[PDB]
Amino acid sequence: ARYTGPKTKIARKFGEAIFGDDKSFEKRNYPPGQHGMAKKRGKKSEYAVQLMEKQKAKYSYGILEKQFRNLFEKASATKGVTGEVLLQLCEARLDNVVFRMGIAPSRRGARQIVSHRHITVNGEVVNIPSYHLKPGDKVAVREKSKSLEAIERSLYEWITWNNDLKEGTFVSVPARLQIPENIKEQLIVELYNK
Amino acid sequence: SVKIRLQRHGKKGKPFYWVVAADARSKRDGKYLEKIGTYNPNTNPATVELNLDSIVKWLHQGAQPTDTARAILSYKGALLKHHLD
Amino acid sequence: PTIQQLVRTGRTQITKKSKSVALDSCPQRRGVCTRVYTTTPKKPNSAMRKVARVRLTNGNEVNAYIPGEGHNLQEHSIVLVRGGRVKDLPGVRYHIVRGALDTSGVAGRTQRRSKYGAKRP
Amino acid sequence: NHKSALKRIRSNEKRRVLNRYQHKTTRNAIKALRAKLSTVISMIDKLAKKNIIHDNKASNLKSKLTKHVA
RNA sequence: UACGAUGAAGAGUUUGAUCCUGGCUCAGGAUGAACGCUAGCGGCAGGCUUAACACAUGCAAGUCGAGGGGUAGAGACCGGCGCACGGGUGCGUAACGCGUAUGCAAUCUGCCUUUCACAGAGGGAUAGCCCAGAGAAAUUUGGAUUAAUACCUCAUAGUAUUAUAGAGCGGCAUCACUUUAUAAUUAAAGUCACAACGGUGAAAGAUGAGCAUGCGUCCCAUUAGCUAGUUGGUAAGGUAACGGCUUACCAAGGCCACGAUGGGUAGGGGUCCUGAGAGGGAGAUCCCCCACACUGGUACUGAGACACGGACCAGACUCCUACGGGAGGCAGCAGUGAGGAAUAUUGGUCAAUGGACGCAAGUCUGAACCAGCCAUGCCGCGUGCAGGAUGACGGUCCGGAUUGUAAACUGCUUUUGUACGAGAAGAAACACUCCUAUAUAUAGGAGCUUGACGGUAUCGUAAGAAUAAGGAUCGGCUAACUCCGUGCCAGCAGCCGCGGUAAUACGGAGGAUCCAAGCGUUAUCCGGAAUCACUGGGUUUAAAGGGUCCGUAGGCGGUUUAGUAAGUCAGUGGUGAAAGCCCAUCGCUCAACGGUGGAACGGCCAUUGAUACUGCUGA
């Protein structure tokens, strides 16, 4: 399933615009609710800190707790940095790459364009948002819905995107020092090892 | 009579057979003697992985192939090689 | 202690006696009630808790506690015991599922509807 | 019962009468024989041929017979 | 400043307050799960854990006319093969039953493969049919009788068997393999002609089936003696085969504290869950071994059974009866009654694979492949995406804040749902007519060929955000707070514990948190529990030194030196099935799933080395 709800609320309950720094991030930036607008609780537990740091990443991309735990224990099979490979495989998702390529300016629109047979991956059309893009994939756009109204309206360090043929040539898997995200993976690892 | 037959081991809808020599009094996909080859009729060429080093050995020891077994061992060899005395 | 003593007689592992024993290790058990009455807690609580003497299908006489408010529970009714003791009534070590075969649910309940067997309004 | 089931109870009787005949005919001889020794060996070998007496056991009997007649 | 190892969290609660020991509970994972609330699909997997309780009805093992007489117009019978496979259950069994490693010089082996020697003459019967019956039926009794690849005589045949007599080789004791004479004894089958299929004997191989052995095989010592064919031997009967397996005789032996015997429970393993690991808990589904077929016993046929859908006898149930007598066994598939908290269609097809029969065509196959039901579990998707003001309405404060870009409204997409049009793979073959070579063995190519699923998967076309979100929690543990009503009442509760009239703990409303087609409770397990501690605890005062010595079995061993190499270490060969977990890589649009490879299987047997440490022998 998906969230399918207010995104400004999710941005306010975390204090960080993860769906685009735009309207409503200011103008009562404090968390929502009749008791969040007032002086919140001062003492915040480390469990609350770790849980919210996990939920920030779980909400930014649109992953459920089940799939997030599956991906975490999948990435934990790598002998390297567990949080690093976790974030790498979370960024390697198809909808995330489509969102980073400029199309679908939000991930909520990425996981509505990728789930409509509007985008192709290495030839055959792949309409699975959770598709794991391995380094060295070729993402194109279906010629039927190539000249749409929203695609051209909406149109990184590792994505080589070409606007003439809707290219993007996903290669050179990025690292934590390159992926811009305000999340701490060590806290997520400690929470899942709790 | 030890026979050379096929064991189904694929998934529902897409079969995948093991060409294996086994006794006739055993279940289809259960006990066997020695795996010989492999048959995949999921592509147009109908891929096979026959082992002519043991196929002719079992045929000399007294194996008895079935219709599909002797049709797979036909266009992969070891039959025109088992005939040569 | 000594390795020779351990080789002779090793460490004795206990069996970890269970909690709910008179239900034959089943999640729920059907039963028929014989006496529905009210009892008092120990201390310092003060109430009138509703309990029923239930005879399970395996020939076991237990005391079950009726949760919530509103029920029929006549002198003979088919109930479904599930388990879970209470720290107020000495002897009552089981609970009755609300919403079972013959027992009633609850009316006017809107918060905890999965429990107490209440339909969605 | 089956059609094949109501054929073995009928054929095995015709087999068993002959088997019992040929078995007792030589059992009485090997009993009241303990020289006409070269007359029960033929019957023992015929039983072994008919698979009644298991040529292994038949040879056991043949060896045990001509060992005390000496 | 390298190597490998990707791995280890706590909290509440005894007291006015502190520390320590110590018990209880919670935070996590999992399931043949059940119950309550809720509910849109697809792929795959699973589905009587209880009464091995009783079964109505349908199907589940038949085939060969190229063995025979061949009848009506096929059926039935003799004969060959199969029915000992496949399928189901876990009653019983504490044991060579099972796992593991070997041995058989104490073994057998239909069908299958490869060689050698042959398939010569004869005869009497009897099925089926005919003539009469005795019986309600089941079923059965007389007469004469025609065939066989049915049966039975003689001759023939050995690297066949037995006995006597010579030998060689070779041991691991009993003795083993081969060869030579002599004597005795044991076979056949033909389908009118060809093709094609057959038959007998001997040897070898493969496969299958047995016996024995070393090791590991639950609890109770509030079970200390057990065994009388029992222990060993001498001769017979035997079984495929050694053997007290059985009998006759002689002796009194054999097991037992390193647990006999007795009682309770239980099919065993590969494996599944959990755990950092060592360990702990179970033995569904997949595979291997064992036991059973209403409860018990016995034997025949057969290579193979003491036989699920074969026979006989006895017992308890159900049915028929003319009262004399008879027929039965869903622990096979689908189903019924009962029991239970709880587990499904009286479905389709042999189209693929396997099995039986047949030269083949072909027949049967509730094995098997599909389909229906159950959110039971795993995986994936959706219930829209962008812009848009602080709008009504609610809860709250004394006009403000809250739900809130949330809404109304403005543009876009149909994944999914409906309608229409196209549309698969799973199918490789078998059998018959054509030329080639060699030899009756193999090989190529041709088309009318061969789909239950199924017009199923999949693709395209046209309206339309339309066809789709709920459950738990909010005092601490633990993520989330305000008001109204009740006033120790109603009630809540995993622990501390809350409610006696200003309840963040009860019921309702608003808001908030988590999960999500699922959410909670219960029941059974592992972790936390270092809370049975080898890893990894203690005994002055928290539970814990025997009242004290002697001493049996047992446990431990001062220094040096010589020998062996039992423990220990290293190498090699065999094995440690497949499946399953992990790693890597490919195909289902990803995943689940499937294919391939490696690692692992910590173990065991044989052999070759090292001798530092332990054991043995000597000084």
# chains A, B, ... in the order shown; residues from 1 in each chain; ligands from 1
call {"tool": "residues_around", "arguments": {"residues": "segment 20-24 of chain D", "least_positions_apart": "4", "cutoff": "9 Å", "atoms": "only C-alpha atoms (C1' of nucleotides)", "output": "list in words"}}
result
residues 15, 16, 28, 29, 43, 44, 46, 47, 52 and 53 of chain D
call {"tool": "write_last_selection", "arguments": {"atoms": "C-alpha atoms", "output": "short mmCIF file (atom, residue, chain, number, x, y, z; two decimals), in the first residue's frame"}}
result
data_model
loop_
_atom_site.label_atom_id
_atom_site.label_comp_id
_atom_site.auth_asym_id
_atom_site.auth_seq_id
_atom_site.Cartn_x
_atom_site.Cartn_y
_atom_site.Cartn_z
CA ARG D 15 -1.87 -74.91 -9.37
CA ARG D 16 -1.96 -75.87 -5.68
CA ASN D 28 6.82 -89.85 1.06
CA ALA D 29 9.78 -91.21 -0.93
CA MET D 43 11.74 -86.00 -8.37
CA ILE D 44 13.73 -83.45 -6.36
CA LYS D 46 11.76 -81.91 -11.15
CA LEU D 47 10.47 -79.94 -8.16
CA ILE D 52 8.56 -75.69 -5.83
CA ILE D 53 11.58 -76.71 -3.77
#
call {"tool": "residues_around", "arguments": {"residues": "segment 70-85 of chain B", "least_positions_apart": "5", "cutoff": "10 Å", "atoms": "only C-alpha atoms (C1' of nucleotides)", "output": "PyMOL selection string"}}
result
(chain B and resi 4-5+19+37-39+46-57+59-60+64-65) or (chain E and resi 428-429+441-443)
call {"tool": "closest_residue", "arguments": {"among": "D:70, D:18, D:7, D:65", "to": "residue 33 of chain D", "atoms": "only C-alpha atoms"}}
result
D:65
call {"tool": "atom_distance", "arguments": {"atom1": "atom CA of residue 57 of chain D", "atom2": "atom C1' of residue 311 of chain E"}}
result
27.3 Å
call {"tool": "residues_around", "arguments": {"residues": "residue 52 of chain A", "least_positions_apart": "4", "cutoff": "10 Å", "atoms": "only C-alpha atoms (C1' of nucleotides)", "output": "PDB file with C-alpha atoms (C1' of nucleotides), in the first residue's frame"}}
result
ATOM      1  CA  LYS A  13       5.961  16.165  12.053  1.00  0.00           C
ATOM      2  CA  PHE A  14       9.624  15.756  11.027  1.00  0.00           C
ATOM      3  CA  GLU A  46      16.617   7.831  22.483  1.00  0.00           C
ATOM      4  CA  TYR A  47      14.082   5.236  21.341  1.00  0.00           C
ATOM      5  CA  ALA A  48      11.880   8.052  20.027  1.00  0.00           C
ATOM      6  CA  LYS A  56      11.920   9.853   8.095  1.00  0.00           C
ATOM      7  CA  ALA A  57      13.585   7.568   5.547  1.00  0.00           C
ATOM      8  CA  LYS A  58      10.593   5.210   5.605  1.00  0.00           C
ATOM      9  CA  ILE A 183      18.996  10.824   7.811  1.00  0.00           C
ATOM     10  CA  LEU A 187      20.396   5.011  14.380  1.00  0.00           C
ATOM     11  CA  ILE A 188      18.248   2.897  12.044  1.00  0.00           C
TER      12      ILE A 188
ATOM     13  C1'   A E 479       5.359   5.996  20.119  1.00  0.00           C
TER      14        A E 479
END
call {"tool": "residues_around", "arguments": {"residues": "residue 470 of chain E", "least_positions_apart": "4", "cutoff": "12 Å", "atoms": "only C-alpha atoms (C1' of nucleotides)", "output": "PyMOL selection string"}}
result
(chain C and resi 114+120) or (chain E and resi 37-39+515-519)
call {"tool": "write_last_selection", "arguments": {"atoms": "N, CA and C atoms (P, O5', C5', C4', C3', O3' and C1' of nucleotides)", "output": "PDB file, in the first residue's frame"}}
result
ATOM      1  N   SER C 114     -12.834  -4.358  18.390  1.00  0.00           N
ATOM      2  CA  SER C 114     -12.288  -5.683  18.114  1.00  0.00           C
ATOM      3  C   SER C 114     -12.446  -6.593  19.322  1.00  0.00           C
ATOM      4  N   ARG C 120     -19.124  -2.731  13.686  1.00  0.00           N
ATOM      5  CA  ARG C 120     -18.794  -1.355  13.337  1.00  0.00           C
ATOM      6  C   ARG C 120     -20.066  -0.580  13.021  1.00  0.00           C
TER       7      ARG C 120
ATOM      8  P     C E  37     -17.048  -9.926  14.904  1.00  0.00           P
ATOM      9  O5'   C E  37     -16.280  -8.594  14.490  1.00  0.00           O
ATOM     10  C5'   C E  37     -16.428  -7.404  15.250  1.00  0.00           C
ATOM     11  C4'   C E  37     -15.439  -6.350  14.822  1.00  0.00           C
ATOM     12  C3'   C E  37     -15.378  -6.063  13.331  1.00  0.00           C
ATOM     13  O3'   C E  37     -16.417  -5.216  12.876  1.00  0.00           O
ATOM     14  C1'   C E  37     -13.190  -6.327  14.155  1.00  0.00           C
ATOM     15  P     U E  38     -17.088  -5.475  11.439  1.00  0.00           P
ATOM     16  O5'   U E  38     -15.914  -5.164  10.409  1.00  0.00           O
ATOM     17  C5'   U E  38     -15.349  -3.866  10.331  1.00  0.00           C
ATOM     18  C4'   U E  38     -14.065  -3.849   9.541  1.00  0.00           C
ATOM     19  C3'   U E  38     -14.160  -4.242   8.078  1.00  0.00           C
ATOM     20  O3'   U E  38     -14.706  -3.233   7.249  1.00  0.00           O
ATOM     21  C1'   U E  38     -12.288  -5.293   9.043  1.00  0.00           C
ATOM     22  P     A E  39     -15.658  -3.643   6.021  1.00  0.00           P
ATOM     23  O5'   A E  39     -14.660  -4.279   4.954  1.00  0.00           O
ATOM     24  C5'   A E  39     -13.628  -3.497   4.373  1.00  0.00           C
ATOM     25  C4'   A E  39     -12.626  -4.343   3.628  1.00  0.00           C
ATOM     26  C3'   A E  39     -13.148  -5.126   2.435  1.00  0.00           C
ATOM     27  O3'   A E  39     -13.282  -4.323   1.275  1.00  0.00           O
ATOM     28  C1'   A E  39     -11.742  -6.508   3.748  1.00  0.00           C
ATOM     29  P     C E 515       5.072   1.859  11.097  1.00  0.00           P
ATOM     30  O5'   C E 515       4.083   0.651  10.779  1.00  0.00           O
ATOM     31  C5'   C E 515       4.346  -0.653  11.273  1.00  0.00           C
ATOM     32  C4'   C E 515       3.134  -1.543  11.166  1.00  0.00           C
ATOM     33  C3'   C E 515       2.554  -1.721   9.773  1.00  0.00           C
ATOM     34  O3'   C E 515       3.264  -2.665   8.991  1.00  0.00           O
ATOM     35  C1'   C E 515       0.809  -1.283  11.301  1.00  0.00           C
ATOM     36  P     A E 516       3.445  -2.429   7.411  1.00  0.00           P
ATOM     37  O5'   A E 516       1.970  -2.566   6.823  1.00  0.00           O
ATOM     38  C5'   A E 516       1.255  -3.789   6.918  1.00  0.00           C
ATOM     39  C4'   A E 516      -0.213  -3.591   6.638  1.00  0.00           C
ATOM     40  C3'   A E 516      -0.564  -3.158   5.222  1.00  0.00           C
ATOM     41  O3'   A E 516      -0.618  -4.246   4.316  1.00  0.00           O
ATOM     42  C1'   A E 516      -1.701  -1.781   6.768  1.00  0.00           C
ATOM     43  P     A E 517      -0.434  -3.998   2.740  1.00  0.00           P
ATOM     44  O5'   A E 517      -1.923  -3.973   2.177  1.00  0.00           O
ATOM     45  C5'   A E 517      -2.554  -5.169   1.730  1.00  0.00           C
ATOM     46  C4'   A E 517      -3.234  -5.900   2.861  1.00  0.00           C
ATOM     47  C3'   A E 517      -3.900  -7.221   2.476  1.00  0.00           C
ATOM     48  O3'   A E 517      -3.811  -8.129   3.572  1.00  0.00           O
ATOM     49  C1'   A E 517      -5.519  -5.754   3.363  1.00  0.00           C
ATOM     50  P     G E 518      -2.417  -8.851   3.917  1.00  0.00           P
ATOM     51  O5'   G E 518      -1.662  -7.802   4.850  1.00  0.00           O
ATOM     52  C5'   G E 518      -1.691  -7.926   6.264  1.00  0.00           C
ATOM     53  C4'   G E 518      -2.403  -6.762   6.909  1.00  0.00           C
ATOM     54  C3'   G E 518      -2.387  -6.737   8.430  1.00  0.00           C
ATOM     55  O3'   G E 518      -1.195  -6.182   8.958  1.00  0.00           O
ATOM     56  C1'   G E 518      -4.592  -6.390   7.668  1.00  0.00           C
ATOM     57  P     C E 519      -0.582  -6.736  10.336  1.00  0.00           P
ATOM     58  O5'   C E 519      -1.533  -6.121  11.457  1.00  0.00           O
ATOM     59  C5'   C E 519      -1.666  -4.716  11.609  1.00  0.00           C
ATOM     60  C4'   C E 519      -2.821  -4.367  12.512  1.00  0.00           C
ATOM     61  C3'   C E 519      -2.747  -4.910  13.930  1.00  0.00           C
ATOM     62  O3'   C E 519      -1.936  -4.116  14.779  1.00  0.00           O
ATOM     63  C1'   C E 519      -4.896  -5.325  13.035  1.00  0.00           C
TER      64        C E 519
END
call {"tool": "select_by_dssp", "arguments": {"residues": "chain C", "states": "helix (DSSP H, G or I)", "output": "list in words"}}
result
residues 3, 4, 5, 6, 7 and 8 of chain C
call {"tool": "select_by_dssp", "arguments": {"residues": "chain A", "states": "strand (DSSP E)", "output": "MDAnalysis selection string"}}
result
chainID A and resid 119:121 139:141
call {"tool": "write_last_selection", "arguments": {"atoms": "C-alpha atoms", "output": "short mmCIF file (atom, residue, chain, number, x, y, z; two decimals), in the first residue's frame"}}
result
data_model
loop_
_atom_site.label_atom_id
_atom_site.label_comp_id
_atom_site.auth_asym_id
_atom_site.auth_seq_id
_atom_site.Cartn_x
_atom_site.Cartn_y
_atom_site.Cartn_z
CA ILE A 119 8.35 4.29 -18.52
CA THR A 120 10.59 1.57 -19.93
CA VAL A 121 13.76 0.04 -18.48
CA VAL A 139 16.02 4.03 -18.58
CA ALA A 140 13.90 5.44 -21.41
CA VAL A 141 10.31 6.67 -21.82
#
call {"tool": "interface_residues", "arguments": {"of": "chain A", "to": "chain E", "cutoff": "6 Å", "atoms": "only C-alpha atoms (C1' of nucleotides)", "output": "list in words"}}
result
residues 33, 34, 79, 109, 115, 116, 126 and 131 of chain A
call {"tool": "write_last_selection", "arguments": {"atoms": "N, CA, C and O atoms", "output": "PDB file, in the first residue's frame"}}
result
ATOM      1  N   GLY A  33      -1.296  19.042  15.296  1.00  0.00           N
ATOM      2  CA  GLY A  33      -2.056  18.626  16.454  1.00  0.00           C
ATOM      3  C   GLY A  33      -2.297  19.778  17.417  1.00  0.00           C
ATOM      4  O   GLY A  33      -1.591  20.790  17.421  1.00  0.00           O
ATOM      5  N   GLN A  34      -3.324  19.608  18.252  1.00  0.00           N
ATOM      6  CA  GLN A  34      -3.655  20.638  19.230  1.00  0.00           C
ATOM      7  C   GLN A  34      -2.641  20.705  20.362  1.00  0.00           C
ATOM      8  O   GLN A  34      -2.606  21.705  21.087  1.00  0.00           O
ATOM      9  N   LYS A  79      29.286  -7.365   3.687  1.00  0.00           N
ATOM     10  CA  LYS A  79      30.256  -7.180   4.761  1.00  0.00           C
ATOM     11  C   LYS A  79      30.622  -5.721   4.994  1.00  0.00           C
ATOM     12  O   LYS A  79      31.227  -5.411   6.025  1.00  0.00           O
ATOM     13  N   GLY A 109       4.588  11.250  -7.193  1.00  0.00           N
ATOM     14  CA  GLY A 109       4.239  11.246  -8.601  1.00  0.00           C
ATOM     15  C   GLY A 109       5.069  10.239  -9.369  1.00  0.00           C
ATOM     16  O   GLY A 109       4.640   9.713 -10.401  1.00  0.00           O
ATOM     17  N   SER A 115       3.890   3.297 -12.270  1.00  0.00           N
ATOM     18  CA  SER A 115       2.872   2.262 -12.138  1.00  0.00           C
ATOM     19  C   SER A 115       1.752   2.417 -13.160  1.00  0.00           C
ATOM     20  O   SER A 115       0.612   2.018 -12.900  1.00  0.00           O
ATOM     21  N   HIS A 116       2.056   2.996 -14.325  1.00  0.00           N
ATOM     22  CA  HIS A 116       1.054   3.166 -15.370  1.00  0.00           C
ATOM     23  C   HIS A 116       1.592   2.791 -16.746  1.00  0.00           C
ATOM     24  O   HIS A 116       1.011   3.198 -17.760  1.00  0.00           O
ATOM     25  N   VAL A 126       8.774  -1.840 -17.688  1.00  0.00           N
ATOM     26  CA  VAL A 126       8.743  -2.350 -16.322  1.00  0.00           C
ATOM     27  C   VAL A 126       7.888  -1.397 -15.501  1.00  0.00           C
ATOM     28  O   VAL A 126       8.282  -0.249 -15.259  1.00  0.00           O
ATOM     29  N   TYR A 131      11.420  -1.774  -8.425  1.00  0.00           N
ATOM     30  CA  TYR A 131      12.450  -2.391  -9.251  1.00  0.00           C
ATOM     31  C   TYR A 131      13.826  -1.878  -8.848  1.00  0.00           C
ATOM     32  O   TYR A 131      14.059  -0.668  -8.798  1.00  0.00           O
TER      33      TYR A 131
END
call {"tool": "interface_residues", "arguments": {"of": "chain B", "to": "chain E", "cutoff": "7 Å", "atoms": "only C-alpha atoms (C1' of nucleotides)", "output": "ChimeraX atom specification"}}
result
/B:1-2,6,8,10-11,13-14,23,25,27-28,30,42,60-63,67-68,80,83
call {"tool": "write_last_selection", "arguments": {"atoms": "N, CA, C and O atoms", "output": "short mmCIF file (atom, residue, chain, number, x, y, z; two decimals), in the first residue's frame"}}
result
data_model
loop_
_atom_site.label_atom_id
_atom_site.label_comp_id
_atom_site.auth_asym_id
_atom_site.auth_seq_id
_atom_site.Cartn_x
_atom_site.Cartn_y
_atom_site.Cartn_z
N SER B 1 14.06 -53.78 -13.84
CA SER B 1 14.62 -53.13 -15.01
C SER B 1 14.85 -51.65 -14.77
O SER B 1 13.90 -50.87 -14.68
N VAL B 2 16.12 -51.25 -14.66
CA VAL B 2 16.45 -49.84 -14.50
C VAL B 2 16.14 -49.10 -15.79
O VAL B 2 16.53 -49.53 -16.88
N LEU B 6 12.27 -39.28 -16.85
CA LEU B 6 12.30 -37.86 -16.56
C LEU B 6 11.67 -37.60 -15.20
O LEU B 6 10.66 -38.22 -14.84
N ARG B 8 10.11 -34.44 -12.93
CA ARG B 8 9.63 -33.06 -12.99
C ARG B 8 10.04 -32.31 -11.72
O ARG B 8 9.73 -32.75 -10.61
N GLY B 10 10.30 -28.46 -11.93
CA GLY B 10 10.12 -27.03 -12.14
C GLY B 10 9.08 -26.42 -11.23
O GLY B 10 9.00 -26.75 -10.05
N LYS B 11 8.28 -25.51 -11.78
CA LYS B 11 7.21 -24.85 -11.04
C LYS B 11 5.89 -25.05 -11.77
O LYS B 11 5.84 -25.57 -12.89
N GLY B 13 3.13 -24.61 -14.09
CA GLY B 13 3.02 -23.92 -15.36
C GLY B 13 4.24 -24.10 -16.24
O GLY B 13 4.11 -24.26 -17.46
N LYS B 14 5.42 -24.06 -15.64
CA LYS B 14 6.68 -24.20 -16.36
C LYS B 14 7.43 -25.42 -15.86
O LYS B 14 8.12 -25.34 -14.82
N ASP B 23 15.12 -47.11 -10.96
CA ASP B 23 14.36 -48.35 -11.02
C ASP B 23 12.90 -48.06 -11.33
O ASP B 23 12.35 -47.02 -10.95
N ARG B 25 10.28 -49.50 -10.19
CA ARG B 25 9.39 -49.67 -9.04
C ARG B 25 9.49 -48.52 -8.04
O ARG B 25 9.14 -48.70 -6.87
N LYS B 27 8.85 -44.13 -7.25
CA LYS B 27 7.98 -43.02 -7.62
C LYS B 27 8.67 -42.13 -8.66
O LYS B 27 9.88 -42.22 -8.89
N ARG B 28 7.88 -41.26 -9.29
CA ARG B 28 8.37 -40.45 -10.39
C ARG B 28 9.48 -39.51 -9.93
O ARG B 28 10.62 -39.60 -10.40
N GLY B 30 11.01 -39.18 -6.97
CA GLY B 30 11.59 -39.58 -5.70
C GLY B 30 13.00 -40.13 -5.82
O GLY B 30 13.93 -39.41 -6.19
N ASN B 42 11.10 -24.97 -22.38
CA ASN B 42 10.52 -23.65 -22.20
C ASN B 42 10.98 -22.66 -23.26
O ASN B 42 10.38 -21.59 -23.38
N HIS B 60 24.59 -49.73 -21.64
CA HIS B 60 25.29 -51.01 -21.67
C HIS B 60 24.99 -51.83 -20.43
O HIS B 60 24.89 -53.06 -20.50
N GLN B 61 24.84 -51.17 -19.28
CA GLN B 61 24.52 -51.89 -18.05
C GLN B 61 23.10 -52.45 -18.06
O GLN B 61 22.81 -53.38 -17.30
N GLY B 62 22.22 -51.91 -18.90
CA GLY B 62 20.90 -52.49 -19.03
C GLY B 62 19.75 -51.51 -18.88
O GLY B 62 18.62 -51.92 -18.60
N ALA B 63 20.03 -50.22 -19.05
CA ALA B 63 18.97 -49.23 -18.98
C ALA B 63 18.00 -49.39 -20.14
O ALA B 63 18.34 -49.93 -21.20
N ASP B 67 9.86 -43.16 -24.36
CA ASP B 67 9.68 -42.44 -25.62
C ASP B 67 10.41 -41.10 -25.60
O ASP B 67 11.27 -40.83 -26.44
N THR B 68 10.08 -40.25 -24.63
CA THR B 68 10.72 -38.94 -24.54
C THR B 68 12.20 -39.06 -24.23
O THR B 68 13.00 -38.25 -24.71
N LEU B 80 23.65 -43.04 -31.73
CA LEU B 80 24.55 -43.39 -32.82
C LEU B 80 25.95 -43.72 -32.33
O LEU B 80 26.76 -44.23 -33.11
N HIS B 83 25.31 -47.49 -30.67
CA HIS B 83 25.17 -48.51 -31.71
C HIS B 83 26.52 -49.05 -32.16
O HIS B 83 26.63 -50.24 -32.47
#
call {"tool": "residues_around", "arguments": {"residues": "residue 37 of chain D", "least_positions_apart": "5", "cutoff": "12 Å", "atoms": "only C-alpha atoms (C1' of nucleotides)", "output": "list in words"}}
result
residues 29, 30, 32, 42, 43, 44, 62, 63, 64, 65, 66, 67, 68, 69 and 70 of chain D; 184 and 185 of chain E
call {"tool": "residues_around", "arguments": {"residues": "residue 3 of chain A", "least_positions_apart": "4", "cutoff": "10 Å", "atoms": "only C-alpha atoms (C1' of nucleotides)", "output": "list in words"}}
result
residues 7, 59, 62, 63, 64 and 108 of chain A; 516 of chain E
